[PDB]
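Colleague: Experimental structure and sequence below, a few questions after.
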Amino acid sequence: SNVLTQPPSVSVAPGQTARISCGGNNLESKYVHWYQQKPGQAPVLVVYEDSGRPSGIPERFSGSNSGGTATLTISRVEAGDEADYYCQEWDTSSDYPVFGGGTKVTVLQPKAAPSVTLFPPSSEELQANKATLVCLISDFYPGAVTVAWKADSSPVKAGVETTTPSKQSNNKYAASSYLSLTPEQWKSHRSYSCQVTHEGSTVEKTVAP
Amino acid sequence: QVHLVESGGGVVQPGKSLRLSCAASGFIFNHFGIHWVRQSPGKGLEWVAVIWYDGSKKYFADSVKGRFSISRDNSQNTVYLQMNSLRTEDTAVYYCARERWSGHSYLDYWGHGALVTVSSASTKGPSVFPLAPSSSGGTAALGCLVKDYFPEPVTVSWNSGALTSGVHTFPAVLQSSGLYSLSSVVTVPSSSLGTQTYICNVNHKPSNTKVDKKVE
């Protein structure tokens, strides 16, 4: 059956124009519709029937379907336009509609390094024969970090669980990471560290038994 | 004003059933077909099902054919999506949506979503551990670790809601065990650690458990 193909991601500086393509077969002969989905919200229709503008959609959003390719053009991009955008068709011969895989638009905003707080295992948890280190990461922007753990100076991957970043009230991002150890592993090393890398710079905190 | 209201979400184990509902208002119900579209954690939109305006046609994605059914009750302006033999990969937020025209068109209004979690994990209250203040700049961070619970959600307050400033409760992590953990931390004056009591109040309604943990 038919597939719609969109780029996975588009980056654009505030005030510039984003263009999202949607490829598929014989789009001259079909309508293409577009949806916007901001993080944590339901999707919204933002283009219908190639170029129609739904109620409540800014005039900066313009759909087009020309030369066999459909395009969503966002003029004068605002930070609030960061979202995943999906194209959609519904062939005459198909019982159901087809969606593209979506294009993530990120808007190019004042950067902030992460604050990092690291807690060792509590004595309560240790006497319950378990140990968890807790690394809390806050106030960073853009919303992409990588988190590494170390025992002394050796990278540790086993027992690590890290959240994907989520937006805080102040529009910066937060994440957390957890390292599960046996008590003997905790007590047998000189130190453990949580290292948080963000835009190439690293903030590292250490704790010791 | 077109408005769509979904309900019926919840947490089940594989093989069980769930029935979602979409209650409509602000338009002539039986003039429009209704769709379901879902979104797995972290992933894109996946079309699921449609029922025609007159109930005369019902279509389903291959991924759910034979397991899902759909019906509409024009008396109650409601559409029902019956999901049987659920699988873990059916975990998703499920949206209902109105289609503008009688098929082959677009979805002009969307509901806010119903969360469906299909997991082999069993309900479990959290183990709560203090994150004691130890040894930045006159202020101390202390917290509590809410470990190994299922399902979401958990809520955390401090000092029964009297302590609100400088509180940051982090979204949970889902672990390879199938259980969740989260943490809540508050920043307070170092000078207060000898004179003020700090208690985190952890509520896990799905297991009817509340824990008030003294920190320090």
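Modeller: Yep, it's here. Numbers count the residues shown, from 1 in each chain, chains lettered A, B, ... in the order given.
Colleague: quick check: domain ranges of the chain?
Modeller: No chain specified, so I'll use chain A. As assigned by curated CATH domains, chain A contains the domains A:9-107, A:115-207.
Colleague: um, chain B though
Modeller: Structural domains annotated on chain B: B:3-118, B:127-215, as defined by curated CATH domains.
Colleague: Turn the domains of chain A into a markdown table, including distance to residue A:3 and mean neighbour count.
Modeller: C-beta: built from backbone N, CA, C; applies to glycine. Shown next, in a markdown table, are the domains of chain A (distance: least, Cβ to Cβ, whole Å; neighbours: other Cβ atoms under 10 Å in any protein chain shown):
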| stretch | distance to residue A:3 | mean neighbour count |
| --- | --- | --- |
| domain A:9-107 | 7 | 18 |
| domain A:115-207 | 27 | 17 |
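Colleague: want to throw the ones you listed into CSV with distance to chain B?
Modeller: Formatted as CSV, these follow (distance: least, Cβ to the nearest Cβ, whole Å):
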stretch, distance to chain B
domain A:9-107, 4
domain A:115-207, 4
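Colleague: right, and those domains - which one's nearest residue B:18?
Modeller: Residue B:18 lies closest to domain A:9-107 among the domains of chain A, at 19.2 Å (Cβ to Cβ).
Colleague: The closest residue in space to residue A:146 that isn't next to it in sequence: what's it in contact with?
Modeller: Spatial nearest neighbour of residue A:146, chain neighbours left out: residue A:197 (4.7 Å); criterion: Cβ to Cβ, 6 or more residues apart in numbering or on different chains. Residue A:197 makes contact with A:145, A:146, A:147, A:148, according to Cβ atoms under 8 Å, 6 or more residues apart in numbering or on different chains.
Colleague: Including distance to residue A:132, could these go into TSV?
Modeller: Formatted as TSV, the contacts of residue A:197 follow (distance: Cβ to Cβ, whole Å):
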residue	distance to residue A:132
A:145	20
A:146	20
A:147	15
A:148	17
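Colleague: now, which of the residues you listed lie within strands?
Modeller: Among the contacts of residue A:197, DSSP state E puts A:146, A:147, A:148 in strands.
Colleague: Which strand residues bridge the most centrally placed residue in chain B?
Modeller: Geometric centre of chain B, nearest residue: residue B:115, 4.6 Å, by Cα atoms, centre = their mean. Following DSSP bridges, residue B:115 is listed with bridge partners residue B:93.
Colleague: who touches it in this structure?
Modeller: Residue B:115 sits next to B:9, B:10, B:93, B:94 when contact means Cβ under 8 Å, 6+ apart.
Colleague: same thing but at 10 Å, please
Modeller: Each residue near residue B:115 by Cβ atoms under 10 Å, 6 or more residues apart in numbering or on different chains is listed here: B:6, B:9, B:10, B:11, B:91, B:92, B:93, B:94, B:151, B:152.
Colleague: Just the ones of these in strands?
Modeller: Judged by DSSP E, the subset of the contacts of residue B:115 located in strands is B:6, B:10, B:11, B:92, B:93, B:94.
Colleague: Could you point out which of these is nearest to residue B:68?
Modeller: Checking the ones in strands among the contacts of residue B:115 against residue B:68 with Cβ to Cβ, the nearest one is residue B:94 at 10.5 Å.
Colleague: show me where the chain has helices.
Modeller: Went with chain A since none was named. Assigned by DSSP state H, chain A shows helices spanning A:123-127, A:183-187.
Colleague: I'd like those helices laid out as TSV, including distance to residue B:104.
Modeller: Output for the helices of chain A, formatted as TSV (distance: least, Cβ to Cβ, whole Å):
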stretch	distance to residue B:104
helix A:123-127	58
helix A:183-187	61
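Colleague: among those helices, which is nearest residue B:168?
Modeller: Per Cβ to Cβ, nearest to residue B:168 of the helices of chain A: helix A:123-127, 21.1 Å.
Colleague: residue with max distance from the center of chain A?
Modeller: Ranking residues of chain A by C-alpha distance from their mean position (Cα atoms, centre = their mean) puts residue A:127 at the top, at 38.3 Å.
Colleague: Quick check: the nearest residue in space to residue A:117 that is not next to it in sequence vs residue A:58, distance?
Modeller: Distance criterion Cβ to Cβ, 6+ apart; nearest residue to residue A:117, sequence neighbours excluded, is residue A:136 at 4.6 Å. Taking Cβ to Cβ, to the nearest Å as the measure, residue A:136 falls 37 Å from residue A:58.
Colleague: now do residue B:211
Modeller: From residue B:211 over to residue A:58 the distance is 47 Å, taken as Cβ to Cβ.
Colleague: now residue B:5
Modeller: Residue B:5 sits 27 Å away from residue A:58, taking Cβ to Cβ as the criterion.
Colleague: same deal with residue B:185?
Modeller: 39 Å.
Colleague: next one: residue B:131
Modeller: 45 Å.
Colleague: What residues sit buried inside the helix or strand harbouring residue B:19?
Modeller: Using DSSP states H and E, residue B:19 sits within strand B:18-25. Neighbour counts over strand B:18-25 (16 or more other Cβ atoms under 10 Å in any protein chain shown) mark B:18, B:20, B:21, B:22, B:23, B:24 as buried.
Colleague: got it, and stretch B:27-36?
Modeller: So, applying 16+ other Cβ under 10 Å, buried residues of stretch B:27-36: B:29, B:32, B:33, B:34, B:35, B:36.
Colleague: What residues does the third one make contact with?
Modeller: To tie it back to what came earlier, the one meant is residue B:33. Counted by Cβ under 10 Å, 6+ apart, residue B:33 has contacts B:50-59, B:72, B:79, B:97-103, B:105, B:107.
Colleague: Export stretch A:193-209 to CSV, keeping only CA atoms.
Modeller: In CSV, the C-alpha atoms belonging to stretch A:193-209 read as follows (Å, rounded to 0.1, in the frame of the first residue of the first chain):
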residue,chain,number,x,y,z
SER,A,193,30.1,9.4,39.9
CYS,A,194,27.2,10.7,37.8
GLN,A,195,28.5,12.5,34.7
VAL,A,196,26.0,14.6,32.7
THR,A,197,27.0,15.8,29.3
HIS,A,198,25.2,18.6,27.6
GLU,A,199,26.2,20.4,24.4
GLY,A,200,29.7,19.0,24.8
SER,A,201,30.4,20.1,28.4
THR,A,202,30.1,17.8,31.4
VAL,A,203,29.0,18.3,35.0
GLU,A,204,30.1,15.4,37.3
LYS,A,205,29.1,14.8,40.9
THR,A,206,30.7,12.1,43.1
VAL,A,207,29.7,10.3,46.3
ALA,A,208,31.6,7.8,48.5
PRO,A,209,30.6,5.1,51.0
